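In structure tokens, one chain follows: the form deposited in one PDB entry.
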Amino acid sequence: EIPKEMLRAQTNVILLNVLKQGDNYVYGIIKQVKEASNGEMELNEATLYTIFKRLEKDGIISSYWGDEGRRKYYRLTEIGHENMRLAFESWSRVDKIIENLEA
């Protein structure tokens, strides 16, 4: 009974943290999420595109070409980093407040 919108949010947060670790292309990200989740999270390429199109429209990530047949890299934007920082900061405070409740 976890809301579909919460699962979506968790998926977003995981993907944005992959990007936080470094700019990355689709197969790299998918591989990284699969390993980090112990196989629990195996995204398909089409799923990432749906998610990234929206994150990009929202100014949270952008993309550019690598080098060497070129790959497309996705990058967390500066606005993207700040939103994550504020979300992380505010949810840690929530954690601190609960902790206090439990003391």
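Definition used throughout: the rigid core is the maximal C-alpha set that superposes within 1.5 Å between two forms. Only residues modelled in both forms are compared. When you see a residue number, it is the position in the sequence shown, counting from 1.
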Establish whether the other compared PDB entries of this protein leave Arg70 unmodelled at least a third of the time. yes
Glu68 to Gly69: deposited residues without atomic coordinates: 1 to 3
Name the higher of the two by mean Cα B-factor in the PDB entry, 59-67 versus 25-33. 25-33
Once you work out the mean C-alpha B-factor for both 35-43 and 49-57 from the entry, which is higher? 35-43
Selection from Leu86, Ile79, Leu16, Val94 [criterion: highest C-alpha temperature factor in the record]: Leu16
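The form deposited in another entry is left out here; the points below concern that form.
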Rigid-core-referenced C-alpha movement of 2 Å or more between the shown form and the other one, selected from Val13, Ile79, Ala87, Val94: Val94
Pull up the moving segments between the shown form and the other one: at least three consecutive residues, every CA shifted by 2 Å or more, rigid core held fixed. 89-103
